[PDB]
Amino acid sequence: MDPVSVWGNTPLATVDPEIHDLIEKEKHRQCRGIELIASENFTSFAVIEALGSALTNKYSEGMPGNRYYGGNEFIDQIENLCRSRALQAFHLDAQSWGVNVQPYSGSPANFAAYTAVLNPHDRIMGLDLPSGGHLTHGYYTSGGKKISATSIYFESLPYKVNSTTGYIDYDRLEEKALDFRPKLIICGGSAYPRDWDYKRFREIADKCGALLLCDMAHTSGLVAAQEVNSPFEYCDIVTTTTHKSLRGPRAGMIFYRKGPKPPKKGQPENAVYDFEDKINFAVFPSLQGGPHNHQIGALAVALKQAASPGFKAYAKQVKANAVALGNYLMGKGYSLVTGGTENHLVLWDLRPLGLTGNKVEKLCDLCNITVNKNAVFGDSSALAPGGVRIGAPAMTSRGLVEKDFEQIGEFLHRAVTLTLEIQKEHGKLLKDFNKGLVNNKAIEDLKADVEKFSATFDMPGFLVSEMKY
């Protein structure tokens, strides 16, 4: 065999220079560009140290103090600490709320949450994907093609935003819920630029007999910082990712109510919530196997970080940065969904200009401007949807303030002005528009300007001064 030191203790740069080289290049990409994917962030080195740790070695199926394996003395303390810090980060009373921190990621957390409270084929309603909801909110297409497993194993009827204002159509939602009678109503979304009227969602849920779940994955950092409405006030269950605005590792959690139910006509006195055992069982043994304890430890670190005054100031800045970027784009005459934002992102409708989102995402990516084409209301094609989604969390984490985001706006303005000029000269068909991308001097200049701008800012997670490139 090989001595332990050789295969087991040698650094990555020697054991696997090919992968090491690719990681170093990805590290250089991350701080040499403008990273505007609304679901991305740059997590802390401390989170990354817990992530890449011996915690990966441990099997710990079960719950702390009730495991299927020996050896979990410290894994249990880690998971317990993570759970308690999660309640604290979101200002929850442990007698009123519990949390499962084992979901591998956001989509597993939602599927487990649904499995906990729903039987196969029970009805759900979530925000329609083109209106800003997530895949796992029951997404099938307007052509009736079932995409998400949440529209396969359950019966989805999505609700939509107002086609002209972009705000959730609460009236239609209530009418729909009353006809369809969902077992579960989901709120929260992936590309909705406004806050959520959780009070109205509760009102509606109560009127049709549904459970109410909020998926706060995108805004969970703003929620912890109390910079947006808290779903916990009104929802039975709250799921979330931990890697977005929360700035943690890639993981999920499922919060659930505990204790006495609020008085409701038709329900016994002393009625208590009964989510905890079902939610735990749905994560394990129903759906997952071994928890990823390096994720839980990393999560515990990020949850402590999210409770700090500094994180709260970061969340304020994210919102202020998104507003300042949005105001810049509208000041150039561009069209934002709902005409502004209340959170970390803006949804920018490109159809009034003539372009689809893949065109500007492709050109932007050539300029080290990382966005993602994103569905907008009415869209039927995931290849060429009508908009781009831009978020502030990632570059806010690198220290940027409003003026820097106005310069980001300026770069996007240039990128889109180039996009239209390439379209007005080489056509609207895709491959014909690709022609204007090869050896484009204005792209190279925009790229050079973007790299120059990006390199002026700090980078969490790792030392620029030690990276290979």
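Residue numbers here begin at 1 and follow the sequence given.
Given the B-factors recorded for C-alpha atoms, which segment has the greater mean, 57 to 65 or 408 to 416? Of 57 to 65 and 408 to 416, the stretch with the higher C-alpha B-factor average is 408 to 416.
369 to 377 or 147 to 155, whichever carries the higher mean Cα B-factor: In the deposited entry, the stretch with the higher C-alpha B-factor mean is 369 to 377.
Between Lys176, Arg398, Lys261, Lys319, which carries the biggest CA temperature factor in the record? Across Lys176, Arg398, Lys261, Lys319, the entry lists the biggest C-alpha B-factor for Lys261.
Which of these, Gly189, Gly391, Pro249, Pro268, has its C-alpha atom at the highest B-factor, as the entry lists it? Out of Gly189, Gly391, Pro249, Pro268, the record gives the largest C-alpha B-factor to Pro268.
Pull the Cα B-factor of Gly340 out of the PDB entry and bin it into the chain's lowest, middle or highest third. Its C-alpha B-factor, which the entry lists for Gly340, ranks in the middle third among residues of this chain.
Grab the CA temperature factor for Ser131 from the record and place it in the lowest, middle or highest third of its chain. For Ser131, whose C-alpha B-factor we compare with every modelled residue in the chain, the answer is the middle third.
By the recorded C-alpha temperature factor, relative to the other modelled residues in its chain, which third is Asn440 in? It falls in the top third of the chain.
In terms of the CA temperature factor given in the entry, to which third of its chain does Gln423 belong: lowest, middle or highest? For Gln423, the deposited C-alpha B-factor lands in the highest third.
Sorting by Cα B-factor within the chain, modelled residues only, which third would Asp349 end up in: lowest, middle or highest? It falls in the top third of the chain.
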